[PDB]
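Whatever order the structure lists them in is the order used to number ligands and atoms, beginning at 1. We use all heavy atoms of the structure for the numbers below, so side chains are in, but hydrogens, waters and symmetry mates are not. In the text below, chain A, chain B and the rest are named by the order of the sequence lines, each starting its count at 1.
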Amino acid sequence: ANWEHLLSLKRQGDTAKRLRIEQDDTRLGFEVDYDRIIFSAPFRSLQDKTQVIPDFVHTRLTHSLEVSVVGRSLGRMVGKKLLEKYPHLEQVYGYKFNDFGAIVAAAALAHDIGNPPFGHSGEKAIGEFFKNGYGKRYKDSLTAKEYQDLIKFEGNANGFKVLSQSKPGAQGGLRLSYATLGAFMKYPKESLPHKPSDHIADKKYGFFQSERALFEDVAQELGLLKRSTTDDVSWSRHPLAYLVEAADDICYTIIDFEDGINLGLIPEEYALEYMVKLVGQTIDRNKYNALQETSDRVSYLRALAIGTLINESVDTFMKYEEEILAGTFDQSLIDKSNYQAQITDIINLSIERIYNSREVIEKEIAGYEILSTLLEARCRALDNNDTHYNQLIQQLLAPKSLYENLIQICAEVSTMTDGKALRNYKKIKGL
Amino acid sequence: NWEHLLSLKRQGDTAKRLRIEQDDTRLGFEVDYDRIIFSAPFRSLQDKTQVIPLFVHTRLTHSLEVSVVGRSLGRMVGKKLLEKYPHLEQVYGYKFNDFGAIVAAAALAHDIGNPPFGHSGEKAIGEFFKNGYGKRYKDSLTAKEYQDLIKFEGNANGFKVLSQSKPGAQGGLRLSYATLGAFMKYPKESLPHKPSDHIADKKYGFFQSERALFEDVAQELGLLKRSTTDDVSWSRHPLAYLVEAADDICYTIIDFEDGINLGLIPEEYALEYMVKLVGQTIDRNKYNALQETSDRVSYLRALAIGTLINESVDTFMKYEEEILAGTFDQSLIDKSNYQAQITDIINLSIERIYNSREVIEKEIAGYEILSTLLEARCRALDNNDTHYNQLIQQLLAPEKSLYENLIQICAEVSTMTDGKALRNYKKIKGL
Ligand SMILES: [Mn+2]
Ligand SMILES: [Mn+2]
């Protein structure tokens, strides 16, 4: 693959090439991408959507913002080293190290934009509705891939639809640069086959059947390498996708842990115990000992640990840069960390004390009821749009092919805020 | 001199920071942005109301949008400044994105010190010390100390949040001095009160508790001294005009947009008030094809903001030497050719949003919530010996002057999210 092509500035529907050298420095396509996400309705909605815990706890927006900041740093540092390794990219094509920061920052800002409320239980609730709920009836009317899109409904694939949703007067959705869409695509495959390997890029899927033709255009423009040997399509990751993934990995590992401590779910003593190897060479022990509040000590450790992992991930990427370019790299960047034992201890403690706390379990149980009810109401009205009641349901929840209609119902349920889903649920139940 | 106005100095520095010696991947101005993003005060803006009670903009998404608009203003102005004064780049090593970085960080922080409940929030705090319980401190405070309190200023509290030292954290967030300079749109103490009608004299920008800190900042930047008595003031850092412009553009157009999507302003007013602002750049076929009100008004908003950014850049360069000399007496937007349309927009927003029952009700309740919290804190300060007042201290604040204690009480009440302020209020009243 060619970095020249991986850094495409193309937007959907373009009829002429966009030369990097001719970009206006005050309107660089990669940086416009960031601003477009910031002002978009789907991004704004993340303000009222939950990450893990339903006092201050990170929302999807604040999480996405922090990932995009760590991502910009990764892309900036890697970009400087890529331009030193491949100097024609600058001298000939005019790329600059801040271009790489901008691409990673933008894709990182949007990486969770398609996620449904109630976190991962939300996805499972939607899939179960089509696996064994009312949605079962549609199986015989859908292709294997169309149905697999529903029973394994994936927030990452919905995020791609949100970024690229064509509408009357708004073709191409947000019309992000193709390099940014490539960096966003962690799982460059369709829903079938299911886990053809245990490579991270094969663990899930990245686009619905409704968006297959769009990602084909993206993958062709970027010159991504074909990976699947069959009629099921799969491509090797855009190299910058590894940096979006590492920014995400670093943030939820360390910041969930910090939230769990500040919330009282994790005892404080674990902060120094689990992060001491991650911070040992850079911590200022006199500064730490002078800090009086728990939250300031943990935030100091978090900042040191994120700094350590950013620097290491940049070094990992450069060490394996040619394997990533050739699609032969089989792991995440963080998988190769020398602190993998510390990262695993941190994650397993977060799982035990946060994800399995009674409050998270109660929200997940409630999310199953809410989402299932909304899906059944939308689907029963789809099947019998003529009755007076189903018309009211349509007015309240949604003011094409069967598959197109079902994937749209999932996308609309998924982008409801936590509060709108509860309200619509209560009204359908009468409260 | 622009070479001193672009200082990379941080609090406590013992040696000069030359721009030419900065690591491009760790540029001081860009690090400032990251430090704000991850700070507790910035995160707290998640749960703080801007105008309408809690889609609606919070302080967080407002600050985010202002920082994006400010980054564009600074990028465009930075490019023109470097062509006007080429030695800044050729000799000193400054680049046009430095100016974008300084404005973006200062704009991101511009409302970080604001209390809950809007500008009624500040007025409720001032009223507590003017006519409420806090009036008893008047004769134990200097004129400027008391004026700090009765005209409690969110901008001055922001400067406190950004810069104030605590054990283990000297210098607060330790932002670059150029960023602190661009943050300071009122470079004066609380007295004298409005010595002129210039926008820079309308309020004040630092408490007495932070006067020595801004003296260091102003000396390092070389700000022109505007007052010679023992009442100090300086001419604004030129980039403060761009922070102010980005803020003005955002709340003017975005509050209008919010008001239409909430139903408070009939949609027909959108095209009517914004036709001049968008007419030369609007694609009518696109506009007419958009089916949803929210899509039509967000398209007009994007176009109007783009128009005002371009014009503001031109206004800045036209008056650049007067701003550098401290003789510019107006805001950039005050010079806009669209002042008629801006005024109409603001007046309708005032009538339909600011004076709506929902906002009025919320501001009236905030007065009672903040007055109650302030009184509990001051009573506990006045008599720390009683059992009740010890419980209040455990609940709300778990050796300094009277003035420093009162300013900290104000800063801490201002730090509270809307929700945490209400809960603590309810407990005090037993609800
Ligand atoms: Mn994430
Ligand atoms: Mn503002």
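- When the N, O or S atoms of B/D247 are ranked by distance to the Mn ion (ligand 2), OD1 comes first.
- A centroid separation of less than 6.0 Å is found between the aromatic rings of B/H57 and B/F55.
- Remark: the A/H58 side chain and the A/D256 side chain contain no N/O donor-acceptor pair separated by less than 3.5 Å.
- Annotation: B/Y204 is not in aromatic contact with B/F159 [ring centroid separation under 6.0 Å not met].
- A cation-pi arrangement is found for B/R71 relative to B/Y33, the charged atom lying closer than 6.0 Å to the ring centre and inside a 45° cone about the ring normal.
- Between NE2 of A/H111 and OD2 of A/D112, the angle at the Mn ion (ligand 1) works out to 70°, rounded to 10 degrees.
- Residue contact annotation: A/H63 places an N/O/S atom under 2.8 Å from the Mn ion (ligand 1).
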